[PDB]
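**Q** Sequence plus experimental coordinates follow:
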Amino acid sequence: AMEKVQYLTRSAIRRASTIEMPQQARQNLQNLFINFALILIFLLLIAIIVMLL
C-alpha cells in the first residue's frame with residue numbers, strides 16, 4: 001500500500017496524532033528566535049551597509 005504517502009501525512013498530522021512534547025511549539029519558538037534574530041541582524045547589517053557603502 002502507499003505507506004510512504006500515509007507516512008508524510010502521519011508526520012504532517014503527527015503534531016496532533018503522534019507529536020512528542022510540544023515539538024512545533026518548541027520548534028516554532030526556536031525557529032522564530034533563530035529566524036527573527038537572523039532576519040533582524042541581516043536587516044541591521046544591510047541597513048548599516050547602506051550608510052557605510
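**A** Arrived safely. Residues are numbered from 1 along each chain as shown.

**Q** In three-state terms, how would residue 20 be classified?
**A** Secondary structure assignment for residue 20 (DSSP: H, G, I helix; E, B strand; the rest coil): coil.

**Q** Could you report the separation of residue 2 from residue 37?
**A** 40 Å (Cβ to Cβ, to the nearest Å). C-beta here means a position set from N, CA and C on the backbone, and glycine is covered the same way.

**Q** Looking at those two, which is more packed in?
**A** Using other Cβ atoms under 10 Å, the more surrounded residue of residue 2 and residue 37 is residue 37, with 10 against 7.

**Q** just checking, what packs against the helix or strand that contains the more buried one?
**A** Element membership of residue 37, judged by DSSP states H and E, is helix 23-51. Where contact means 3 or more Cβ pairs under 8 Å, 6 or more residues apart in numbering; DSSP states H and E, helix 23-51 is packed against helix 3-17.

**Q** Who are the packing partners of the helix it packs on?
**A** Against helix 3-17 (3+ Cβ pairs under 8 Å, 6+ apart) you get helix 23-51.

**Q** ok, residue 5 to residue 12 distance?
**A** Relative to residue 12, and taking Cβ to Cβ, residue 5 is found at 11 Å.

**Q** Equivalent analysis for residue 52, please.
**A** For residue 52, the distance to residue 12 - Cβ to Cβ - is 45 Å.

**Q** measure the residue nearest the centre of the chain to residue 24 for me?
**A** Centroid-nearest residue in the chain, with Cα atoms, centre = their mean: residue 31, separated by 4.1 Å. According to Cβ to Cβ, residue 31 stands 9 Å off from residue 24.

**Q** again with residue 50
**A** 36 Å.

**Q** Look at the two and report which has more neighbours.
**A** Ranked by neighbour count (other Cβ under 10 Å), residue 50 and residue 24 place residue 24 first, with 12 against 7.

**Q** All set now, cheers.
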